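>>> got an experimental structure here, sequence first:
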Amino acid sequence: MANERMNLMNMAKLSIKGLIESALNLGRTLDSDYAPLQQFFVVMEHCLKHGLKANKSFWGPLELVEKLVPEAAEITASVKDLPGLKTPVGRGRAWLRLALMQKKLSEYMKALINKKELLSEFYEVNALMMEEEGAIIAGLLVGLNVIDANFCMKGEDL
């Protein structure tokens, strides 16, 4: 457990740094095809899934966000009650991508680890989010604020 926390963190730490790095060299905006980005979201998903008590999954902890940060109210309304997204996990994923497009990822995460009594209904006493590793990740997610992304196209528009 205490290790699975560092295995995840050190994972997240590398992904974040490898995304920002890969991103600066490219120079263009990202979509949902950029491999380094899909990686991040997956890892990211493993950190929020870890610790969760025994069904919404890592979605429940995120739903909370808009209650702490009213700014995350629009993206939370865009993902739920949507015909396509039927799974709580599916909604969570979509949310993270939407939040990442606002460069609000670290802001929302820092607000969740800053409220451990609220986050204790979703995570166990020693979950990554309930421990210091979750604080490290939230602080690192500040680097993704220099990454421009957009996962909203396929229909011409030109």
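Noted; the coordinates are in hand. Numbers count the residues shown, from 1 in each chain.
>>> now do the helices in this protein.
With DSSP state H, the ranges of helices along the chain come out as 2-26, 35-49, 59-68, 73-79, 88-100, 105-113, 133-140.
>>> I'd like these as TSV, with mean neighbour count and distance to residue 127 appended.
Any C-beta I mention is one placed from the backbone N, CA and C, and that applies to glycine too. As requested, the helices of the chain are arranged in TSV below (neighbours: other Cβ atoms under 10 Å; distance: least, Cβ to Cβ, whole Å):
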stretch	mean neighbour count	distance to residue 127
helix 2-26	15	8
helix 35-49	18	9
helix 59-68	20	10
helix 73-79	16	22
helix 88-100	20	16
helix 105-113	21	10
helix 133-140	20	7
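>>> what's the closest of these to residue 152?
Set against residue 152 and scored by Cβ to Cβ, the helices of the chain come closest in helix 88-100, at 9.3 Å.
>>> got a list of contacts for that closest one?
Under the contact criterion Cβ atoms under 8 Å, 6 or more residues apart in numbering, helix 88-100 has outside partners 32, 41, 44-45, 48, 55-60, 62, 72, 75-76, 78-80, 82, 85, 105, 108, 144, 147, 149, 151.
>>> how much space between the spatially most central residue of the chain and residue 39?
Against the mean C-alpha coordinate of the chain, by Cα atoms, centre = their mean, the closest residue is residue 96 at 4.4 Å. Look at residue 96 and residue 39: by Cβ to Cβ, to the nearest Å, they are 13 Å apart.
>>> ditto for residue 87
As defined by Cβ to Cβ, residue 87 lies at a distance of 21 Å from residue 39.
>>> check contacts around residue 1.
residue 126.
>>> swap in residue 8?
The neighbourhood of residue 8, defined by Cβ under 8 Å, 6+ apart, consists of 43, 46-47, 50, 128, 133.
>>> now with 10 Å?
When the contact criterion is Cβ atoms under 10 Å, 6 or more residues apart in numbering, the partners of residue 8 are 43-44, 46-51, 128, 133-134, 137.
>>> now residue 50
Listed by Cβ under 10 Å, 6+ apart, the contact set of residue 50 reads 1, 4-5, 7-8, 58, 123-124, 126-131, 133-134.
>>> return the member of these nearest to residue 68.
Residue 68 has its nearest neighbour among the contacts of residue 50 in residue 129, at 13.6 Å by Cβ to Cβ.
>>> I'd say that closest one and residue 61 touch.
Yes. Checked against Cβ atoms under 10 Å, the pair residue 129 and residue 61 is within contact range at 6.9 Å.
>>> good, we can wrap up now.
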